[PDB]
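Chains as they are written, first to last, in the entry's author numbering: chain B, 1 to 265; chain A, 1 to 265. Take a look at the structure set out below.
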Ligand SMILES: Nc1ncnc2c1ncn2[C@@H]1O[C@H](CSCC[C@H](N)C(=O)O)[C@@H](O)[C@H]1O
Ligand code: NA
């Protein structure tokens with residue numbers, strides 16, 4: 001009679017919370033999805049070993065089209081868990097699944113876990129200063145999307161930071177690198193000429209948040225565009241004007257050039 | 001030889017990640033602060049029991065003025081941990097403590113935990129649609145904070161949602177309720193008269209995120225301003241322009257007036 005939305009966390013199998021783990025262990029059935037994102041620091045086998053139960057993986061179609069035929073039926077007579085990377089309901093379409101549960105007469109509860117939305121706090125950038133967020137999508141065929149560029153523009157214009165999610169082909173396990181994102185943004189700049197993203201733009205790259213050894217780098221595009229930030233996933237951020245405290249953290253902790261203390265503050 | 005920043009999560013001691021628990025267990029000394037947020041579902045005893053270590057609680061002054069005199073000295077010959085509610089680097093000034101550690105020759109590591117910043121996803125509002133965040137602070141003497149009002153105005157103008165952290169005076173055991181935040185906002189409105197926050201403004205209240213049955217309510221200020229949302233902590237959200245799916249969730253899950261289903265595209 002109960003469906004539990006449980007977040008897996010940032011990186012590996014130990015990023016789930018104690019509450020989430022214990023709940024997963026008490027559920028009769030455990031489902032998971034890895035189409036919204038992957039857990040780069042672990043494997044399905046390791047998550048299964050930790051939970052001590054077989055995990056049935058669901059595709060985007062299984063969830064988006066048949067959630068009520070695959071998961072909800074069992075949730076009527078058993079305790080069922082639905083695992084998702086990060087924090088449940090952060091993924092735009094998952095909240096509606098709670099409505100489907102209601103329509104089916106199934107109770108649902110949410111057990112949270114860390115999300116990159118809050119984890120970016122490790123970059124030293126003040127969380128309250130983040131504005132609208134966006135996703136950098138790969139252009140394809142005759143389609144060249146650029147709305148993420150406009151989001152950066154509107155945020156920076158108001159002195160806010162922009163959290164940029166990078167494209168991912170979950171099914172094919174293919175990540176867009178921060179390097180590719182920067183190249184794309186420069187191309188968009190050459191197109192729109194808005195003076196929004198250039199070789200002189202200060203950016204922050206966060207790789208493998210959740211790991212005990214994440215990569216946190218800050219610097220100008222001209223210098224970071226060919227830098228190796230390690231294995232994915234990569235998150236790109238375009239800070240607005242910095243608080244001196246933010247700049248000092250980027251210099252001391254993220255290896256940013258001292259120059260930011262006078263140019264970007 | 002190192003210092004661990006470990007978040008304890010939203011509500012109770014089990015909101016800590018497995019990673020945070022295992023790392024905390026292997027530390028020689030454990031410190032913590034409980035003034036940046038309120039963990040309404042646990043106590044120091046339960047936390048100590050779970051981690052199996054005695055925990056030394058620090059005041060805002062112990063941290064802000066003497067972190068390097070109380071905590072860092074021990075991290076030079078032992079592994080030390082510093083626990084905080086939610087995520088240690090979200091809506092706190094704790095990030096600067098990493099600079100203090102560095103200058104003291106102490107390497108530090110961060111272990112995330114669920115944060116209210118991402119937990120807002122449970123309201124059904126698209127997390128990427130949130131703009132600049134702000135804090136509703138208690139007036140003090142002749143000083144009456146009002147900047148949070150302008151934040152709402154700026155976000156709303158852009159169709160973005162506004163997350164409002166509410167004030168807290170831990171030493172006085174004072175936790176601002178969404179009701180008190182609404183009252184203050186109405187007073188600021190009478191002054192600035194920007195039509196930003198009125199009896200007709202749609203708001204969303206999230207109380208005790210992290211618990212199994214948090215209070216999630218949406219409606220007009222005139223109707224919610226005197227509603228009982230249960231024990232603290234509470235956060236208040238002023239949505240911008242709603243997507244239909246956001247409105248549907250607010251109505252179905254947060255008991256919002258069915259009339260908000262009719263969006264003015
Ligand atoms: N479980 C919870 N439910 C509702 N609001 C919460 C909350 N935890 C924190 N808050 C809100 O955030 C304020 C503390 S701000 C510190 C937040 C913390 N670092 C985190 O990551 O969550 C509180 O005064 C309250 O308004
Ligand atoms: Na945000």
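By construction, the Cβ of each residue, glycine as well, lies at the ideal position given by its N, Cα and C atoms.
Chain A beta carbons: is any one of them nearer than 7 angstroms to that of residue 190 of chain B? no
Where does the unbroken alpha helix (DSSP H) through residue 60 of chain A begin, and where does it stop? 60 to 70
Taking only three categories from DSSP, how would you classify residue 79 of chain B? strand
For residue 216 of chain A, does the count of other Cβ atoms within 10 angstroms reach 16, so buried, or fall short, so exposed? buried
Does any residue of chain B have a CB that is nearer than 7 angstroms to the CB of residue 95 of chain A? yes
Is the closest heavy atom of ligand 2 to the C-beta of residue 133 of chain B under 6 angstroms? yes
Taking 8 angstroms as the cut-off, does the stretch 220 to 232 of chain A touch the stretch 190 to 206 of chain A (at least 3 CB pairs, one atom from each stretch)? yes
Could you check what DSSP says for residue 35 of chain B in three-state terms: helix, strand or coil? coil
From residue 17 of chain B to residue 112 of chain B, what does the alpha carbon distance come to, in whole angstroms? 8 angstroms
Check: residue 90 of chain A C-beta below 6 angstroms from any heavy atom of ligand 1: yes
Note the first and the last residue of the continuous alpha helix (DSSP H) segment covering residue 195 of chain B. Here residue 195 of chain B belongs to no alpha helix (DSSP H), and DSSP marks it neither H nor E.
Measure the beta-carbon distance from residue 14 of chain A to residue 19 of chain B and round it to whole angstroms, keeping in mind my assumption that it falls under 8 angstroms. 4 angstroms
Residue range of the alpha helix (DSSP H) that residue 170 of chain B falls in? Premise fails: residue 170 of chain B is in no alpha helix (DSSP H) and is neither H nor E.
To the nearest angstrom, how far is it from the Cα of residue 22 of chain A to the Cα of residue 81 of chain A? 11 angstroms
Use the C-beta contact count for residue 41 of chain B: other C-beta atoms within 10 angstroms, 16 or more gives buried, fewer gives exposed. buried
Below 7 angstroms between beta carbons: does that hold for residue 136 of chain B and residue 163 of chain B? no
Could you round the C-beta distance between residue 118 of chain A and residue 37 of chain B to whole angstroms and report it? I think they count as a contact, below 8 angstroms. 13 angstroms between Cβ atoms; not a contact.
Counterpart residues of residue 174 of chain A in DSSP-defined beta bridges: A:169
Counting only beta-carbon atoms, is residue 252 of chain A nearer than 7 angstroms to chain B? yes
Write down every uninterrupted run of the alpha helix (DSSP H) in the stretch 114 to 175 of chain A whose length is 4 residues or greater and which is fully enclosed by it, in chain order. 116 to 119 and 147 to 157
For the structure I just gave you, are there three or more beta carbon pairs, one from the stretch 97 to 113 of chain A and one from the stretch 99 to 107 of chain B, closer than 8 angstroms? no
Report yes if the C-beta of residue 165 of chain A is less than 6 angstroms from at least one heavy atom of ligand 1; otherwise report no. yes
According to DSSP, which residues form a beta bridge with residue 107 of chain B? B:2
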